[PDB]
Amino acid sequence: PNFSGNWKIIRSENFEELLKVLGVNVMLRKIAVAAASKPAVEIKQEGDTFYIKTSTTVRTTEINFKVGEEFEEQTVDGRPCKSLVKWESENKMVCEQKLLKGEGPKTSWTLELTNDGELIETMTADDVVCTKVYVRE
């Protein structure tokens, strides 16, 4: 697969509920929904090595990983975690996260290239799923 691109959002679903499950308080959720519902995602892929930069006005992140090798990042609610990405299938990666400290909902994210040229991202907390869809700019 080639995930590389400057991806722009065309759909976002269920972000507020995700934050609610993660325990983000109502005022902070309002702020996040208003400001972080339209991320821009830059991906650079070389084989199974990835760089992903996600930009919103309230948080810019950059991660670097190799599929199958643990790395450190943060959950969507900003808690440090260990992460491990695997190929669920040829065109879909899945990242399982484990908090460095304390307890919380089980979190994960996925990225999937669709047959139409788009990118589906999901973020999960326990059973709740937030889905974003992107197309290259």
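Note that residue numbering follows the sequence shown and begins at 1.
Q: If you average the Cα B factors in the entry, which is higher, 117-125 or 19-27?
A: Per the deposited B-factors, the answer is 19-27.
Q: Test of understanding: from the entry's C-alpha B-factors, which stretch has the higher mean, 97-105 or 49-57?
A: Per the PDB entry, the higher value belongs to 97-105.
Q: Going by the CA temperature factor in the entry, name the top one among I43, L111, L84, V33.
A: The C-alpha B-factor peaks, among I43, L111, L84, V33, at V33.
Q: Based on the deposited C-alpha B factors for this chain, I'd like to know if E69 is in the lowest, middle or highest third.
A: According to the entry, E69 has a C-alpha B-factor in the chain's middle third.
Q: By the recorded C-alpha temperature factor, relative to the other modelled residues in its chain, which third is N6 in?
A: Ranked within chain, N6 CA B lands in the lowest tercile.
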